[PDB]
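Notes for the one structure printed next.
Quick reminder, even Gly has a Cβ in these numbers, built from the backbone with ideal geometry, and neighbours come from all protein chains shown. A short reminder: the numbers here are calculations on the coordinates, not readings from a lab.
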Amino acid sequence: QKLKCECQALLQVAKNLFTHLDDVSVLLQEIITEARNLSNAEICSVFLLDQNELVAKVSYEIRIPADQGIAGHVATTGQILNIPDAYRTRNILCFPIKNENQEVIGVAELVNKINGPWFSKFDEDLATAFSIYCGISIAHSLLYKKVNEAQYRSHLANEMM
Amino acid sequence: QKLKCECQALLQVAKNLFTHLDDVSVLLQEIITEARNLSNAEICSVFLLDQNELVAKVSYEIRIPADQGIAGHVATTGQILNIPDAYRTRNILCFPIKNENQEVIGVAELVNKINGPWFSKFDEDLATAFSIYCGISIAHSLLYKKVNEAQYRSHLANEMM
Amino acid sequence: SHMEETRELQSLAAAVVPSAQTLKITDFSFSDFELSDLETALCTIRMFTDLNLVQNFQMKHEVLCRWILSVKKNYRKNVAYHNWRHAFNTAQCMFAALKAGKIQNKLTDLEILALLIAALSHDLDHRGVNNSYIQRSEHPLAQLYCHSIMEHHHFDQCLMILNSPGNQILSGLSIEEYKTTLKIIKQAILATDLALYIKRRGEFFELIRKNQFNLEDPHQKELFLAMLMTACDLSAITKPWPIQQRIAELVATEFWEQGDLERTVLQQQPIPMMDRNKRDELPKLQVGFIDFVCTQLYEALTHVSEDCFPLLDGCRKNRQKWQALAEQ
Amino acid sequence: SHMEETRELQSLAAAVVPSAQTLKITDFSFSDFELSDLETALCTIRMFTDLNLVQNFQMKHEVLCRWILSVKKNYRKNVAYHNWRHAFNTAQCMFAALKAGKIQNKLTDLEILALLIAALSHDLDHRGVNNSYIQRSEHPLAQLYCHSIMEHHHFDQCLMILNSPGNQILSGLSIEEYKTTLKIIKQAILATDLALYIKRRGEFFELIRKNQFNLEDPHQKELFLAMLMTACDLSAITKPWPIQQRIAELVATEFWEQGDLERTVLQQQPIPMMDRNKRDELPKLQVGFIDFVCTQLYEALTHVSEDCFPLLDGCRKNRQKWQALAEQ
Amino acid sequence: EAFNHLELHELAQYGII
Amino acid sequence: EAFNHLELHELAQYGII
């Protein structure tokens, strides 16, 4: 019933994010926009694990080691993890960014649901499905930018010959 | 009822072809498979225009100038164009490959429908929507390949310095 | 006939153009195995491009690009290598010497102009014919001159074709720049011939070996220009072995076709190199050539010109590798 | 203290590693502005890598990589430029000279080894201190030697640290290769000092200017090794102006901290260069230094070593560009 | 194209003329 | 570090020693 619409939300995030590979920054614009529009969370922050430390632009950087913290505990685990009572923060959906795998490429956390003051178990797995398209968009757009910068700087080194 | 599936088949071709950017050949495998599965055509061939001439692997190449031919006339136009009576070929859905635009990047042609011996007007626009995902996959995976080969051969020129 | 060649003109007007920095031409041991005559013409556009000659001499755009394509079509197609590709490798050596070698800090841009135009006019409209063949097959061009008749004809067609329509890159030149241009190009095209190079080279090496060479002593400098000219005229040998196989076994087969002319319309008792029978002994007779002009010139081109050292090294790598084919 | 440095060791164990071909180090005027000490250490791994030494001398793997990181941590952190980055530019010049310069076709791999290890031991554990400072500030190392005391200490720490744990890359060497190694490195580290270079250089230039240099006359060849050594010891000047600003104004400020030591623990009447007052006239005093060693050495390093020409050119580009700051 | 006699036979067996 | 006197002041006011 309403059931189709949140699948077509995945349609929207797909047809969007797969067309935004040209730049990860604009990709962040579209992602933050679509997420603040659909997740109903008043705010959010997206960690990205690196060996033993998470990385997040929320463009001032924010950092937190995989051993330390609760979201860091999610970095240790990759568990989707609702926090219906946060302690106007009042709840947090702390789930891994993921991508190709359940392996922790990062740790997203939504804050302050619209419709139902608490995050539901419904406010979990759907965010993970959204994080399928987002995770592919991240891993592959970064896959794009790394090849860009590196292989471009290579011909920058080509200079003398 | 039955009326809600074919779009999610576009979800299938999306989740497929957008994940197969790493190589064009595999992209052709998934495309030929998904197309011979969904189009109900017994066979097909996909032209790709270059200024004034179409290009097709159907891996022996096949070529036809944009001015010459009926499919070439489609290259001249980009009109979707059913041929219910082909003259076990008996019909041809000749529609442009397209991509970002109605501009003729190429000219696909499906052959021999299952369910209803003729191609329908239904056997037109759906092929175009399928050609949205396929056209983006082509333009952008080839966009990926050109960057690969060119920027790689650049560091191959970097070798002396 | 022309309809197809101008279809190739639309190939210029409608095809992907890989960048020169992608196309390894700045590398001296470059892979010309994959380039078409069109793409090599494009690299020739680069050769007119980066030498800062267009800005310094006001060359026309498409008049230059089709200078390049017109020279691309004027070569008779019966020729095996001494065609547009030969000009491609020669002015590849010239463009690379004047950019990768960074000689511009030394010698003047006027001289860069003379070097480039004479490099692309080292062998204009070459018919698979050297000086000797016309000197003995008696083509009218032979009686038209005496010494280095192909190259006196290459200066003749320098001053002619550049003044001929579709080729007026000399049009932007000032009368002084123009004078230094066609004159230094005169002496240099005379030296584009390996022979008049052998004539002029000794003063150069005497002025090079002692590290006493000076560019505020201009005749020595122009003589260096000629030395780079002859360094460029035979640059095809600098190319990689899988490809060089093609290049110098086409030196083999093309001097075996010109040599077929040497044993049909000439009928000499065969000389050891161009005899086809030396198919597995020809490369040694290339080495003795390489020792006689190549390495002898690229040593001085090593001790003065610098990053041009691989232009020597990229030749020497072929030596034993051809000796292998020369070792039956 | 060490816990953080070994956290940097996990930065070695957990960070993206740009390729040397991506990191322009083959380009002599490379941008070391963005490299970290870790990434420069990685380029140093390249410097031990491509010189065909590990295959010819059986160097241990991580013992070498942490040879590089240990020499990285050992520099006192109070020092401005004369730290690991100094070794980075020096062995950048060395690695580039022996690969991009393609000298390996000439000189033996033994000599490549001596050149490289002496290049990275041109200035081991440099304390922001040149020979003269300890000669007058009287650090015990000064009384430990006499001539070129920092560099006699760099040979001392060559033979010591390479025999010290975590640094035994000499372990795979054969006794002959090892002998030629530490000995030629002895004379070369003596010549890594710009001074004993000024001592040894004249025989070299006399043997170079006439193009009579020969590598089958080994002492001359080793002397060339030393010339390349000194060519490498000051290679930081080769870098680009936005960067070179940092590098030679840290030559300014670091010889102004060392010069603060020259006017506190030494209290000499100031000399024009290391006096801070000449911030607007220091660069000319670099040129009088630069002409004294750089260009004089890179001219011969031009006429013999070849592709190494930009190592000269990449210095000369700074001249007027610093004259600007030398022109207030 | 007059040149050294040592060169002439070489000219008669190398790529020059 | 004995050297030529022309060199010495050029050692005494430049980067070397």
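Between identical copies, the spacing of D:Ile271 label points, each set 7 Å from Cα toward the C-beta atom, reads 6.6 nm from nearest to farthest. Checking every one of the trypsin sites (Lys or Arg not before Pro) in region D:43-96 against DSSP loop status and a limit of 14 other Cβ atoms within 10 Å picks out D:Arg76, D:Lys77. For B:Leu54, the residues whose amide H sits under 5 Å from its own are B:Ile64, B:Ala66, ignoring neighbours fewer than 5 places away on the same chain, with H placed 1.01 Å from N.
Of the residues C:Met150, D:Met227, C:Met59, the one with the fewest other Cβ atoms within 10 Å heads the list, and the complete ranking is C:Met59, D:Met227, C:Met150.
Charged neighbours of D:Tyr145, selected by a Cβ distance under 10 Å, balance to -2 (K, R count +1; D, E count -1). Database note for chain C: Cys without another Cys beta carbon under 4.7 angstrom, C:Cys43, C:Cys65, C:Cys146, C:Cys158, C:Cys294, C:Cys308, C:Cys315.
Annotation for region C:267-325 versus region D:16-82: alpha-carbon center distance of 40 Å. In terms of overall dimensions, chain B has a Cα radius of gyration and Dmax of 17.0, 65 angstrom.
Over chain D, DSSP H runs of length four or greater, each weighted -39,500 (n - 2.57), average out per residue to a 222 nm ellipticity of -19500 deg cm²/dmol. Which GluC sites (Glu not before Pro) in region A:102-161 pass both tests, a DSSP loop state and at most 11 other beta-carbon atoms within 10 Å? Within region A:102-161, the qualifying GluC sites (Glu not before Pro) (loop, at most 11 other Cβ atoms within 10 Å) are A:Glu103. When shorter helices are ignored and each DSSP H run of at least 4 residues is given -39500 (n - 2.57), the per-residue value for chain A at 222 nm works out to -15500 deg cm²/dmol. Here is how far apart the D:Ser174 label points are across copies: 6.5 nm, shortest first, using a point 7 Å from Cα toward Cβ. The other copies place their B:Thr77 label points at 6.3 nm from this one, listed shortest first, where each point is 7 Å from Cα along Cα→Cβ. Built from the Cα atoms of region B:99-139, the convex hull projects on average onto 3.2 nm², one quarter of its surface area. Using only alpha carbons, region D:228-328 has a radius of gyration to Kirkwood radius ratio (Rg to Rh) of 1.02. Volume per residue for region D:6-328 equals 130 cubic angstrom (convex hull of Cα atoms).
Cut-off 16 Å, label point 7 angstrom out along Cα-to-Cβ of D:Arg76: give me the residues of region D:247-285 whose amide nitrogen falls inside. Counting only backbone N, you get D:254-266.
Placing dummy labels 7 Å off each Cα toward the beta-carbon, the span from A:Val26 to C:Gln55 is 3.2 nm.
Mind jotting down the distance between the C-alpha centroids of region C:198-245 and region B:1-68, whole Å? Taking the Cα centre of region C:198-245 as reference, the centre of region B:1-68 is 57 Å away.
Taking the Cα atoms of region A:11-51, the ratio Rg/Rh between the radius of gyration and the Kirkwood radius comes to 1.01. Charged side chains reduced to their Cβ positions (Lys and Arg at +1, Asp and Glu at -1) give chain D a dipole of some 160 debye around its Cα centre.
Stokes-Einstein diffusion for the protein assembly as shown, with the hydrodynamic radius set to the Kirkwood value over Cα pairs and evaluated at 10 °C in a medium of 1.306 mPa s, equals 47 µm²/s. The rule of thumb for compact globular proteins, 2.2 N^0.38 Å, goes into the C-alpha radius of gyration of region C:42-124 1.07 times.
Across region D:138-149, rounded Karplus estimates of 3J(HN,Hα) from the backbone phi angles (6.51 cos²θ - 1.76 cosθ + 1.60, θ = phi - 60°) give 6, 5, x, 4, 5, 5, 5, 9, 8, 5, 6, 4 Hz, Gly and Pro being marked x. Electrostatic tally near D:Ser132: other residues with Cβ closer than 12 Å to its Cβ, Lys and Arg +1, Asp and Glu -1, net -3.
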